[PDB]
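One structure is given here, and the rest of the page talks about it.
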Amino acid sequence: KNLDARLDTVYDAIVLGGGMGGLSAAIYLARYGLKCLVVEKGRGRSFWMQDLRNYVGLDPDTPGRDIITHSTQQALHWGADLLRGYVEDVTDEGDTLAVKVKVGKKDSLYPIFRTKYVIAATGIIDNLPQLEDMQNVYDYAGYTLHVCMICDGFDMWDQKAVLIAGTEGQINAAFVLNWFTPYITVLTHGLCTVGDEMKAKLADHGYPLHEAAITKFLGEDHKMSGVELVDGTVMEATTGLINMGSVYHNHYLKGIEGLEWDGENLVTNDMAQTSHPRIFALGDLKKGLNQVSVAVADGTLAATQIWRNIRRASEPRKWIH
Amino acid sequence: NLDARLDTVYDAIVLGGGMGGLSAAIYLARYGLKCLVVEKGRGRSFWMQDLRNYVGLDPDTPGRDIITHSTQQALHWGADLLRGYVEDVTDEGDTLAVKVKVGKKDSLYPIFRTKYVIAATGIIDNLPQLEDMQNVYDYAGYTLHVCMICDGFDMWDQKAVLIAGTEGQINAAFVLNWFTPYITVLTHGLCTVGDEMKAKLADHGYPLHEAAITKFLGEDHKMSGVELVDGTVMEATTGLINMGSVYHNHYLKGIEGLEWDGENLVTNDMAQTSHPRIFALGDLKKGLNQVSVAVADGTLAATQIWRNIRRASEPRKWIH
Ligand SMILES: Cc1cc2nc3c(=O)[nH]c(=O)nc-3n(C[C@H](O)[C@H](O)[C@H](O)COP(=O)(O)OP(=O)(O)OC[C@H]3O[C@@H](n4cnc5c(N)ncnc54)[C@H](O)[C@@H]3O)c2cc1C
Ligand SMILES: Cc1cc2nc3c(=O)[nH]c(=O)nc-3n(C[C@H](O)[C@H](O)[C@H](O)COP(=O)(O)OP(=O)(O)OC[C@H]3O[C@@H](n4cnc5c(N)ncnc54)[C@H](O)[C@@H]3O)c2cc1C
Ligand SMILES: Cc1cc2nc3c(=O)[nH]c(=O)nc-3n(C[C@H](O)[C@H](O)[C@H](O)COP(=O)(O)OP(=O)(O)OC[C@H]3O[C@@H](n4cnc5c(N)ncnc54)[C@H](O)[C@@H]3O)c2cc1C
Ligand SMILES: Cc1cc2nc3c(=O)[nH]c(=O)nc-3n(C[C@H](O)[C@H](O)[C@H](O)COP(=O)(O)OP(=O)(O)OC[C@H]3O[C@@H](n4cnc5c(N)ncnc54)[C@H](O)[C@@H]3O)c2cc1C
């Protein structure tokens, strides 16, 4: 009497992360008539995007937080459910997955939800240079101090720029950024000592190098004008690129057997499916390019594959008349 | 300035100024590349009255408004736009040559040279042919849909017609029924349905009518029913046209080394065809046909082209 069992609250899909890719997935899933839950912790990467520069249909000064509010409202309108919480763990239970969510930043509860499918859409977050007063960084990060080169390189064209990079591998970006502007000063923020070979290459390109810790970003109305270092060095710059790496929001999947990883990223096929038949991965979490358009299309593909699977397993709806 | 753009070798020419092509043009211009968008007008997305499911946009946004908006953005970043009809693309080694018909009458045929071509010309759905095609246009894209994944939700549990000309196309009834069981199949006089399929439709309760459609009934773009030439009248508030598509790909048929899957182009994960200088986006490439997918394809193709050109270029050094 296996099929005799009372049906448990089992979602068709749970979308982990309510950002660009996750909300796209949620819109599609709900419009496929599927029961889906979006879990969103708040204050993610796209929330700090002040100007989405390059997305068909949207003005290039649209902030990410406005897209999130718009798309969350659309997802709910079509029938998706939203839970504000922090995903802690995903466990494989065979025909379903179990998702533990931390609800409440303090005095937290840990409800567990069951689902046929999981869409991992939790993305990443860029590391920022750490100053005693982080608000001085936040006043410029995402405005004129950029974290993405393909997003904002055009808006840096031929300006005096700082590249903030903590490793020689991260300093390598100077030799890509120079496409947009040759006027690059490299700042390591006291994080690593640059070797002789790289110092010589930077010098041959004319990119000044300063290794002392940054103490203050100068500017007004979110438009940087320069940078001060703890050793007294002061420089002029109207823009910059932070290339200090990222934190990947993937901890809740590290226990899943049968998942193929590429470093911290998940490897997917052409429908955004991982090697696990019940797990999809979108956007910044999957191996590939990190853009809004890419994440949104991933959500489309994942939701469509899930609908195809569920539809194909269902009984036909007949017309009685 | 036709002669101004003739003697310049473009970094990329975008064929088709729809969803995928304008995405590519926006990225190409913002990569500081010189690109040309060639657009004939009145494409598939132009007939989309409501983009239902695209992050950031109200679900009643018409495609023509997105096209106007994104064409303006592409031009703002530095893309060039030519209103014309791509006739041919020729492989000349390190560059490609693109011939464009300019002017519907008394036409000129400028030929442009470029390092890369982005094929973004999409498809167009076949429509049921009536003596008065305006009767179809009054409902097509409003309540008579051409895409199931786009509009299925908006058909939920409504009385619907499936217009299908082959048994393979009638198969869609057994997918559409997910959204609504109240399906009537209309073959529009195009095919005689075999016995096994007729029995399956009858067993599901989906009525079948094989007579040619003569009129769509309704008001204010809202269907209310359909009339057939044999006098049959039926009630329906929505429908799905499943009659196939014409692919806008003829200008690529002379290129050796392109991998085709039927009429679609096979691409890798950066939307590149098997030809290293040709990318294919959206409805033309093998894959899912949605705005989001086409827009992302444009992102990927433009990024690969920038990577190729930049990596081939000399460093920009700072002379103090
Ligand atoms: C360009 C840019 C600009 C930025 N600007 C700002 C800014 O202006 N102001 C600012 O504060 N930050 C900003 N940030 C982010 C900043 O760098 C830190 O990552 C951020 O402040 C960390 O916040 P947090 O530790 O509270 O959240 P997290 O690090 O996500 O939270 C830590 C822990 O809190 C718990 N938790 C979090 N959310 C929830 C929830 N919803 N429910 C239950 N438990 C939860 C979990 O146990 C989690 O492990 C910016 C980042 C970038 C890339
Ligand atoms: C300053 C800035 C400017 C940018 N500009 C552009 C641009 O102009 N064009 C462009 O294409 N891209 C831009 N981007 C990049 C863009 O934001 C990302 O590429 C995009 O958001 C990727 O989408 P996602 O859905 O993968 O991630 P996100 O959109 O970041 O969404 C992931 C979501 O998961 C949530 N989350 C994470 N961990 C957990 C957890 N444990 N539980 C619950 N929820 C969780 C986060 O809070 C977040 O909301 C910019 C980014 C920044 C920082
Ligand atoms: C009625 C309707 C409703 C829809 N609703 C939705 C929806 O709600 N959500 C969704 O995701 N999708 C929807 N779609 C599908 C969506 O429009 C396509 O998937 C998308 O537009 C694909 O973009 P594309 O760039 O590949 O093609 P298109 O956007 O069609 O662009 C191709 C362009 O190429 C041009 N062109 C063609 N041939 C030539 C030539 N020889 N020379 C020059 N130019 C040429 C065309 O005029 C056109 O402007 C809908 C489609 C229709 C018909
Ligand atoms: C849902 C839906 C709704 C529709 N609604 C309508 C509608 O309301 N009204 C309507 O007319 N159609 C509508 N259509 C399209 C219609 O079905 C036909 O495909 C369309 O009318 C054909 O136009 P055309 O004869 O210009 O063909 P096209 O292929 O556009 O043009 C034919 C020839 O014209 C020349 N040419 C075209 N453009 C140019 C240019 N810019 N420069 C130089 N030469 C050029 C080329 O040599 C080309 O081979 C709709 C389609 C769909 C799917």
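Residues are named by chain letter and number: chains run A, B, ... in the order of the structure tokens, numbers start at 1 in each chain, and ligands are numbered from 1 in the order shown.
Taking only C-alpha atoms, the non-local environment of residue 173 in chain A within 10 Å (same-chain residues fewer than 6 positions away omitted) comprises residues 149, 163, 164, 165, 186, 241, 242 and 243 of chain A.
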Output of the above residues as a JSON list (two decimals), in the first residue's frame, restricted to C-alpha atoms:
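Just written: out05.json:
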```json
[["chain", "number", "residue", "atom", "x", "y", "z"],
["A", 149, "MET", "CA", 34.11, 44.68, -15.62],
["A", 163, "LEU", "CA", 42.19, 48.25, -9.66],
["A", 164, "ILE", "CA", 41.86, 46.87, -6.13],
["A", 165, "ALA", "CA", 43.31, 43.36, -6.20],
["A", 186, "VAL", "CA", 46.89, 48.95, -8.93],
["A", 241, "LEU", "CA", 37.23, 47.94, -10.32],
["A", 242, "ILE", "CA", 37.29, 45.71, -7.25],
["A", 243, "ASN", "CA", 38.82, 42.33, -8.12]]
```
Problem set entry | Exercise answer, chain A residues close to chain B, 8 Å and only C-alpha atoms, as an MDAnalysis selection string | chainID A and resid 20 23:24 27:28 31:33 54:58 67:68 70:71 150 153:154 175 178:184 205:207 270 289 293:294 296:298 300:301 311 316:321
Export C-alpha atoms of the chosen residues as a PDB file, in the first residue's frame?
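For reference, again.pdb as written:
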```pdb
ATOM      1  CA  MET A  20      17.334  37.475 -10.872  1.00  0.00           C
ATOM      2  CA  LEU A  23      12.529  34.985  -9.622  1.00  0.00           C
ATOM      3  CA  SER A  24      12.602  34.150 -13.313  1.00  0.00           C
ATOM      4  CA  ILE A  27       7.501  33.281 -12.588  1.00  0.00           C
ATOM      5  CA  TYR A  28       7.770  30.395 -15.073  1.00  0.00           C
ATOM      6  CA  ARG A  31       2.777  30.130 -14.905  1.00  0.00           C
ATOM      7  CA  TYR A  32       3.209  26.403 -15.539  1.00  0.00           C
ATOM      8  CA  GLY A  33       0.606  25.804 -12.829  1.00  0.00           C
ATOM      9  CA  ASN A  54      22.757  46.345 -20.361  1.00  0.00           C
ATOM     10  CA  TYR A  55      19.425  44.451 -20.058  1.00  0.00           C
ATOM     11  CA  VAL A  56      16.876  44.482 -22.897  1.00  0.00           C
ATOM     12  CA  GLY A  57      13.713  46.335 -21.932  1.00  0.00           C
ATOM     13  CA  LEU A  58      15.007  48.242 -18.865  1.00  0.00           C
ATOM     14  CA  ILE A  67      13.730  44.649 -10.261  1.00  0.00           C
ATOM     15  CA  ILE A  68      13.590  42.321  -7.254  1.00  0.00           C
ATOM     16  CA  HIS A  70       8.802  44.023  -9.298  1.00  0.00           C
ATOM     17  CA  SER A  71       9.591  40.363 -10.020  1.00  0.00           C
ATOM     18  CA  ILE A 150      31.709  43.598 -18.358  1.00  0.00           C
ATOM     19  CA  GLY A 153      33.700  48.832 -18.237  1.00  0.00           C
ATOM     20  CA  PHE A 154      32.044  51.089 -20.806  1.00  0.00           C
ATOM     21  CA  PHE A 175      45.612  43.454 -18.534  1.00  0.00           C
ATOM     22  CA  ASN A 178      43.169  48.238 -20.023  1.00  0.00           C
ATOM     23  CA  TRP A 179      40.812  47.563 -22.917  1.00  0.00           C
ATOM     24  CA  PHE A 180      38.499  50.166 -21.367  1.00  0.00           C
ATOM     25  CA  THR A 181      41.103  52.512 -19.867  1.00  0.00           C
ATOM     26  CA  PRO A 182      44.923  52.570 -19.836  1.00  0.00           C
ATOM     27  CA  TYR A 183      45.023  54.882 -16.802  1.00  0.00           C
ATOM     28  CA  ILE A 184      45.169  52.108 -14.204  1.00  0.00           C
ATOM     29  CA  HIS A 205      52.696  49.144 -18.961  1.00  0.00           C
ATOM     30  CA  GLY A 206      52.907  52.349 -16.929  1.00  0.00           C
ATOM     31  CA  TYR A 207      50.345  51.238 -14.303  1.00  0.00           C
ATOM     32  CA  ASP A 270      21.779  23.183 -21.658  1.00  0.00           C
ATOM     33  CA  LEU A 289      29.029  34.096 -17.399  1.00  0.00           C
ATOM     34  CA  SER A 293      20.276  38.126 -18.691  1.00  0.00           C
ATOM     35  CA  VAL A 294      22.112  34.824 -18.279  1.00  0.00           C
ATOM     36  CA  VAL A 296      17.060  35.024 -16.014  1.00  0.00           C
ATOM     37  CA  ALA A 297      17.312  32.661 -19.008  1.00  0.00           C
ATOM     38  CA  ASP A 298      18.664  29.887 -16.771  1.00  0.00           C
ATOM     39  CA  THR A 300      13.404  29.912 -17.783  1.00  0.00           C
ATOM     40  CA  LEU A 301      15.208  26.726 -18.852  1.00  0.00           C
ATOM     41  CA  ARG A 311       3.621  17.046 -17.021  1.00  0.00           C
ATOM     42  CA  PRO A 316      -4.315  13.523 -18.912  1.00  0.00           C
ATOM     43  CA  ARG A 317      -7.028  16.071 -18.184  1.00  0.00           C
ATOM     44  CA  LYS A 318     -10.071  14.892 -20.136  1.00  0.00           C
ATOM     45  CA  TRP A 319     -13.197  16.804 -21.113  1.00  0.00           C
ATOM     46  CA  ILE A 320     -16.419  15.260 -19.821  1.00  0.00           C
ATOM     47  CA  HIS A 321     -19.566  16.726 -21.704  1.00  0.00           C
TER      48      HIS A 321
END
```
For this session: Name the residues in contact with residue 135 in chain B at a cut-off of 7 Å, using only C-alpha atoms, excluding same-chain residues fewer than 2 positions from it; report them as JSON, numbers by chain.
Result: {"B": [132, 133, 137, 138, 215, 216]}
Write the residues of the preceding selection, restricted to N, CA and C atoms, as a PDB file, in the first residue's frame.
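As written to disk, out_12.pdb reads:
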```
ATOM      1  N   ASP B 132      -9.833  36.727 -45.785  1.00  0.00           N
ATOM      2  CA  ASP B 132      -9.606  38.004 -45.098  1.00  0.00           C
ATOM      3  C   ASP B 132      -8.629  37.788 -43.941  1.00  0.00           C
ATOM      4  N   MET B 133      -7.333  37.996 -44.188  1.00  0.00           N
ATOM      5  CA  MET B 133      -6.365  37.711 -43.134  1.00  0.00           C
ATOM      6  C   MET B 133      -6.491  38.659 -41.942  1.00  0.00           C
ATOM      7  N   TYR B 137      -5.612  38.335 -37.899  1.00  0.00           N
ATOM      8  CA  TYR B 137      -4.723  39.276 -37.224  1.00  0.00           C
ATOM      9  C   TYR B 137      -5.410  39.953 -36.052  1.00  0.00           C
ATOM     10  N   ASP B 138      -6.729  40.091 -36.103  1.00  0.00           N
ATOM     11  CA  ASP B 138      -7.442  40.706 -34.992  1.00  0.00           C
ATOM     12  C   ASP B 138      -7.360  39.874 -33.716  1.00  0.00           C
ATOM     13  N   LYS B 215     -14.237  31.973 -40.310  1.00  0.00           N
ATOM     14  CA  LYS B 215     -14.307  33.230 -39.577  1.00  0.00           C
ATOM     15  C   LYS B 215     -14.012  33.010 -38.103  1.00  0.00           C
ATOM     16  N   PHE B 216     -13.228  33.920 -37.536  1.00  0.00           N
ATOM     17  CA  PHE B 216     -13.080  34.012 -36.094  1.00  0.00           C
ATOM     18  C   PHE B 216     -14.066  35.048 -35.560  1.00  0.00           C
TER      19      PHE B 216
END
```
For this session: Could you give me the residues within 6 Å of ligand 3, counting only C-alpha atoms and all ligand atoms, as a PyMOL selection string?
Result: chain B and resi 15-21+38-45+47-48+50-53+84-87+120-122+141+145-146+150+248+281-284+289-292+294
Exercise: residue 35 in chain A partners within 8 Å, only C-alpha atoms, chain neighbours under 6 positions left out, as an mmCIF file with N, CA and C atoms, in the first residue's frame:
```
data_model
loop_
_atom_site.group_PDB
_atom_site.id
_atom_site.type_symbol
_atom_site.label_atom_id
_atom_site.label_comp_id
_atom_site.auth_asym_id
_atom_site.auth_seq_id
_atom_site.Cartn_x
_atom_site.Cartn_y
_atom_site.Cartn_z
ATOM 1 N N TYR A 11 6.208 20.412 -2.405
ATOM 2 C CA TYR A 11 6.221 21.387 -3.479
ATOM 3 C C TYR A 11 6.672 20.711 -4.764
ATOM 4 N N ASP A 12 6.243 21.263 -5.893
ATOM 5 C CA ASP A 12 6.820 20.822 -7.157
ATOM 6 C C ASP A 12 8.274 21.264 -7.270
ATOM 7 N N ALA A 13 8.580 22.488 -6.847
ATOM 8 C CA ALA A 13 9.949 22.989 -6.876
ATOM 9 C C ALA A 13 10.132 24.034 -5.793
ATOM 10 N N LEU A 29 7.572 28.795 -13.229
ATOM 11 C CA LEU A 29 6.964 27.665 -12.521
ATOM 12 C C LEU A 29 5.500 27.933 -12.179
ATOM 13 N N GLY A 79 1.233 32.911 -8.550
ATOM 14 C CA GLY A 79 0.906 31.843 -7.621
ATOM 15 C C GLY A 79 2.067 31.246 -6.851
ATOM 16 N N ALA A 80 3.267 31.797 -7.006
ATOM 17 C CA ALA A 80 4.402 31.355 -6.205
ATOM 18 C C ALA A 80 4.232 31.802 -4.752
#
```
Given 7 Å and only C-alpha atoms and all ligand atoms, residues near ligand 2 as a short mmCIF file (atom, residue, chain, number, x, y, z; two decimals) with N, CA, C and O atoms, in the first residue's frame:
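That gives us selection_1.cif:
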```
data_model
loop_
_atom_site.label_atom_id
_atom_site.label_comp_id
_atom_site.auth_asym_id
_atom_site.auth_seq_id
_atom_site.Cartn_x
_atom_site.Cartn_y
_atom_site.Cartn_z
N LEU A 16 15.83 28.27 -4.40
CA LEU A 16 16.70 28.76 -3.34
C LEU A 16 17.38 30.03 -3.85
O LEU A 16 18.26 29.98 -4.72
N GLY A 17 16.96 31.17 -3.30
CA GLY A 17 17.41 32.47 -3.75
C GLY A 17 16.36 33.17 -4.59
O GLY A 17 15.95 32.67 -5.64
N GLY A 18 15.94 34.35 -4.14
CA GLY A 18 14.94 35.12 -4.85
C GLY A 18 15.57 36.32 -5.54
O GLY A 18 15.13 37.45 -5.35
N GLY A 19 16.64 36.08 -6.29
CA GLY A 19 17.26 37.10 -7.10
C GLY A 19 16.81 37.02 -8.55
O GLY A 19 15.69 36.58 -8.84
N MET A 20 17.71 37.38 -9.46
CA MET A 20 17.33 37.48 -10.87
C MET A 20 16.94 36.11 -11.43
O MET A 20 15.89 35.96 -12.07
N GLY A 21 17.80 35.11 -11.23
CA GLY A 21 17.52 33.80 -11.78
C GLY A 21 16.38 33.12 -11.06
O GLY A 21 15.50 32.53 -11.69
N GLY A 22 16.37 33.21 -9.73
CA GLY A 22 15.33 32.54 -8.98
C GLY A 22 13.95 33.11 -9.24
O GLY A 22 12.96 32.38 -9.32
N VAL A 39 12.72 30.89 -1.50
CA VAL A 39 13.36 31.19 -0.23
C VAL A 39 14.41 32.27 -0.47
O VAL A 39 15.33 32.07 -1.27
N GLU A 40 14.29 33.40 0.22
CA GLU A 40 15.19 34.53 -0.01
C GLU A 40 15.61 35.15 1.31
O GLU A 40 14.77 35.50 2.13
N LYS A 41 16.93 35.27 1.50
CA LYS A 41 17.49 35.79 2.75
C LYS A 41 17.54 37.31 2.78
O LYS A 41 17.60 37.89 3.87
N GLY A 42 17.56 37.96 1.63
CA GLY A 42 17.65 39.40 1.54
C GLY A 42 19.08 39.88 1.35
O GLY A 42 20.05 39.21 1.71
N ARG A 43 19.20 41.07 0.77
CA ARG A 43 20.48 41.79 0.69
C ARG A 43 21.53 40.97 -0.06
O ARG A 43 22.67 40.81 0.40
N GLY A 44 21.14 40.43 -1.21
CA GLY A 44 22.04 39.70 -2.08
C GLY A 44 22.79 40.59 -3.07
O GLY A 44 22.66 41.82 -3.08
N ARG A 45 23.54 39.94 -3.95
CA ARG A 45 24.40 40.67 -4.88
C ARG A 45 23.60 41.67 -5.72
O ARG A 45 23.97 42.85 -5.81
N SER A 46 22.53 41.21 -6.37
CA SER A 46 21.78 42.11 -7.23
C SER A 46 21.12 43.24 -6.45
O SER A 46 20.81 44.28 -7.03
N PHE A 47 20.95 43.07 -5.13
CA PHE A 47 20.40 44.13 -4.30
C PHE A 47 21.35 45.32 -4.22
O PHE A 47 20.89 46.45 -4.02
N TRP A 48 22.64 45.11 -4.43
CA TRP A 48 23.62 46.18 -4.37
C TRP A 48 23.94 46.76 -5.74
O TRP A 48 24.73 47.69 -5.84
N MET A 49 23.33 46.22 -6.81
CA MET A 49 23.45 46.77 -8.15
C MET A 49 22.64 48.06 -8.24
O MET A 49 21.41 48.04 -8.12
N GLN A 50 23.31 49.19 -8.44
CA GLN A 50 22.61 50.46 -8.50
C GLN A 50 22.09 50.78 -9.89
O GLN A 50 21.08 51.50 -10.02
N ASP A 51 22.72 50.26 -10.95
CA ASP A 51 22.36 50.59 -12.33
C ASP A 51 22.55 49.35 -13.18
O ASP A 51 23.69 48.99 -13.50
N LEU A 52 21.45 48.69 -13.56
CA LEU A 52 21.52 47.58 -14.51
C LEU A 52 21.69 48.16 -15.92
O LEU A 52 20.75 48.70 -16.49
N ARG A 53 22.90 48.03 -16.47
CA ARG A 53 23.29 48.87 -17.61
C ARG A 53 22.90 48.32 -18.97
O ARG A 53 22.83 49.09 -19.93
N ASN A 54 22.64 47.02 -19.08
CA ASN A 54 22.76 46.35 -20.36
C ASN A 54 21.69 45.26 -20.55
O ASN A 54 21.95 44.23 -21.19
N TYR A 55 20.47 45.48 -20.05
CA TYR A 55 19.42 44.45 -20.06
C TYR A 55 18.25 44.90 -20.92
O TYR A 55 17.62 45.92 -20.63
N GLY A 85 14.02 33.71 4.61
CA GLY A 85 14.81 32.83 5.44
C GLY A 85 16.10 32.50 4.73
O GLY A 85 16.35 32.92 3.59
N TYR A 86 16.93 31.72 5.42
CA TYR A 86 18.27 31.40 4.98
C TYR A 86 18.38 29.89 4.83
O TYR A 86 18.23 29.15 5.81
N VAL A 87 18.64 29.43 3.60
CA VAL A 87 18.73 28.00 3.35
C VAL A 87 20.01 27.45 3.98
O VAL A 87 21.11 27.94 3.71
N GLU A 88 19.85 26.42 4.80
CA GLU A 88 20.95 25.81 5.54
C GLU A 88 21.40 24.48 4.98
O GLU A 88 22.58 24.15 5.08
N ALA A 121 19.76 28.90 -6.79
CA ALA A 121 19.86 30.22 -7.40
C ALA A 121 20.34 31.24 -6.38
O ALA A 121 19.87 32.37 -6.35
N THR A 122 21.28 30.84 -5.53
CA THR A 122 21.72 31.69 -4.43
C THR A 122 22.92 32.56 -4.77
O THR A 122 23.29 33.42 -3.97
N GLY A 123 23.53 32.37 -5.95
CA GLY A 123 24.57 33.27 -6.45
C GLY A 123 25.80 33.36 -5.55
O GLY A 123 26.21 32.41 -4.88
N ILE A 124 26.40 34.54 -5.57
CA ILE A 124 27.68 34.82 -4.93
C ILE A 124 27.60 36.22 -4.33
O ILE A 124 26.60 36.92 -4.49
N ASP A 126 30.54 39.58 -3.92
CA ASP A 126 31.90 40.05 -4.11
C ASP A 126 32.54 40.44 -2.78
O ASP A 126 31.91 41.08 -1.94
N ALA A 141 30.82 51.73 -3.65
CA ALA A 141 30.70 50.40 -4.22
C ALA A 141 29.34 50.24 -4.91
O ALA A 141 28.29 50.34 -4.26
N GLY A 142 29.37 49.93 -6.20
CA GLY A 142 28.17 49.83 -7.00
C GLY A 142 27.74 51.13 -7.65
O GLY A 142 26.81 51.12 -8.48
N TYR A 143 28.38 52.24 -7.31
CA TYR A 143 28.08 53.52 -7.94
C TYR A 143 29.15 53.84 -8.96
O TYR A 143 28.95 53.60 -10.16
N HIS A 146 33.29 49.85 -9.15
CA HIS A 146 32.59 48.72 -9.73
C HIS A 146 33.17 47.39 -9.28
O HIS A 146 34.31 47.30 -8.81
N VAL A 147 32.36 46.34 -9.42
CA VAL A 147 32.81 44.98 -9.11
C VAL A 147 32.81 44.07 -10.32
O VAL A 147 33.35 42.96 -10.24
N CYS A 148 32.14 44.52 -11.38
CA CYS A 148 32.05 43.76 -12.61
C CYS A 148 32.62 44.56 -13.75
O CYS A 148 31.94 45.52 -14.17
N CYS A 151 29.98 44.48 -16.86
CA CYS A 151 28.84 45.33 -16.54
C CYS A 151 29.15 46.80 -16.79
O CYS A 151 28.36 47.51 -17.41
N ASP A 152 30.28 47.28 -16.27
CA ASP A 152 30.52 48.71 -16.15
C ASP A 152 31.74 49.23 -16.90
O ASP A 152 31.98 50.44 -16.90
N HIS A 249 27.56 31.17 -2.50
CA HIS A 249 26.47 30.73 -1.63
C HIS A 249 26.07 29.32 -2.05
O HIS A 249 25.07 29.10 -2.75
N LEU A 282 21.42 28.01 -11.33
CA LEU A 282 21.24 29.18 -12.17
C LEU A 282 22.33 30.22 -11.95
O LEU A 282 22.95 30.30 -10.89
N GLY A 283 22.51 31.05 -12.97
CA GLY A 283 23.15 32.34 -12.76
C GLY A 283 24.55 32.24 -12.22
O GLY A 283 25.38 31.45 -12.70
N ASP A 284 24.85 33.07 -11.22
CA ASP A 284 26.22 33.19 -10.75
C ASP A 284 26.74 31.91 -10.10
O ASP A 284 27.95 31.75 -9.97
N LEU A 285 25.85 31.03 -9.66
CA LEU A 285 26.27 29.78 -9.04
C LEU A 285 26.73 28.76 -10.07
O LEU A 285 27.60 27.94 -9.77
N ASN A 290 28.46 35.62 -15.59
CA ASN A 290 27.63 36.18 -14.51
C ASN A 290 26.99 37.49 -14.97
O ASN A 290 27.55 38.57 -14.80
N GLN A 291 25.78 37.39 -15.52
CA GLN A 291 25.01 38.56 -15.93
C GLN A 291 23.54 38.28 -15.58
O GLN A 291 23.13 37.13 -15.43
N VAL A 292 22.77 39.36 -15.47
CA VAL A 292 21.34 39.23 -15.21
C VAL A 292 20.65 38.44 -16.32
O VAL A 292 19.86 37.52 -16.06
N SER A 293 20.92 38.80 -17.57
CA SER A 293 20.28 38.13 -18.69
C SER A 293 20.53 36.63 -18.64
O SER A 293 19.62 35.82 -18.86
N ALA A 295 21.29 34.76 -15.98
CA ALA A 295 20.59 34.17 -14.85
C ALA A 295 19.10 34.03 -15.11
O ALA A 295 18.51 33.01 -14.78
#
```
Exercise. Residues at most 9 Å from range 218-233 of chain A, counting only C-alpha atoms, excluding those fewer than 4 positions away in the same chain, as a VMD selection string?
Worked result: chain A and resid 136 139 to 141 143 to 145 162 189 210 to 214 237 to 240
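Taking CA of residue 196 in chain B and CA of residue 306 in chain A as the two end points, the separation is 29.9 Å.
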Problem set entry | Shell of 8 Å around range 111-117 of chain B, only C-alpha atoms, local chain residues under 3 positions omitted, as a list in words | residues 5, 6, 7, 8, 9, 10, 11, 12, 13, 14, 15, 94, 95, 96, 97, 98, 99, 100, 277, 278, 279 and 305 of chain B
Exercise. Out of range 135-310 of chain A, which residues get helix (DSSP H, G or I) from DSSP, as a PyMOL selection string?
Worked result: chain A and resi 135-138+149-156+168-171+174-177+196-205+251-253+283-285+292-310
Next, write the just-selected residues to a file, as a short mmCIF file (atom, residue, chain, number, x, y, z; two decimals), in the first residue's frame, keeping C-alpha atoms as the atom set.
```
data_model
loop_
_atom_site.label_atom_id
_atom_site.label_comp_id
_atom_site.auth_asym_id
_atom_site.auth_seq_id
_atom_site.Cartn_x
_atom_site.Cartn_y
_atom_site.Cartn_z
CA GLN A 135 30.21 52.95 4.95
CA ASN A 136 32.99 54.85 3.18
CA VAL A 137 33.32 51.82 0.88
CA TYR A 138 29.55 51.32 0.52
CA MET A 149 34.11 44.68 -15.62
CA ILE A 150 31.71 43.60 -18.36
CA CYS A 151 28.84 45.33 -16.54
CA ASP A 152 30.52 48.71 -16.15
CA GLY A 153 33.70 48.83 -18.24
CA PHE A 154 32.04 51.09 -20.81
CA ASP A 155 31.28 53.61 -18.05
CA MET A 156 34.99 53.67 -17.11
CA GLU A 168 48.86 38.37 -8.42
CA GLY A 169 46.07 36.32 -10.15
CA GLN A 170 43.68 39.19 -9.35
CA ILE A 171 46.20 41.80 -10.55
CA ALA A 174 44.72 45.01 -15.17
CA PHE A 175 45.61 43.45 -18.53
CA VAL A 176 41.93 43.08 -19.37
CA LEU A 177 40.66 46.34 -17.85
CA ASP A 196 59.40 41.20 -8.99
CA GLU A 197 58.10 39.85 -12.31
CA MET A 198 54.64 41.40 -11.94
CA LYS A 199 56.08 44.68 -10.65
CA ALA A 200 58.20 44.86 -13.80
CA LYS A 201 55.23 44.10 -16.06
CA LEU A 202 53.08 46.77 -14.40
CA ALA A 203 55.95 49.25 -14.70
CA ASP A 204 56.41 48.44 -18.40
CA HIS A 205 52.70 49.14 -18.96
CA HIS A 251 27.28 25.53 1.45
CA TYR A 252 23.84 23.89 1.64
CA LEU A 253 24.70 21.60 -1.34
CA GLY A 283 23.15 32.34 -12.76
CA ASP A 284 26.22 33.19 -10.75
CA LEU A 285 26.27 29.78 -9.04
CA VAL A 292 21.34 39.23 -15.21
CA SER A 293 20.28 38.13 -18.69
CA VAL A 294 22.11 34.82 -18.28
CA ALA A 295 20.59 34.17 -14.85
CA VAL A 296 17.06 35.02 -16.01
CA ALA A 297 17.31 32.66 -19.01
CA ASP A 298 18.66 29.89 -16.77
CA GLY A 299 15.53 30.22 -14.64
CA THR A 300 13.40 29.91 -17.78
CA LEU A 301 15.21 26.73 -18.85
CA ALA A 302 15.15 25.06 -15.43
CA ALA A 303 11.45 25.78 -14.87
CA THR A 304 10.61 24.50 -18.34
CA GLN A 305 12.49 21.23 -17.79
CA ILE A 306 10.75 20.72 -14.43
CA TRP A 307 7.33 21.31 -15.99
CA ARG A 308 8.15 18.87 -18.79
CA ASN A 309 9.12 16.20 -16.24
CA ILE A 310 6.02 16.70 -14.09
#
```
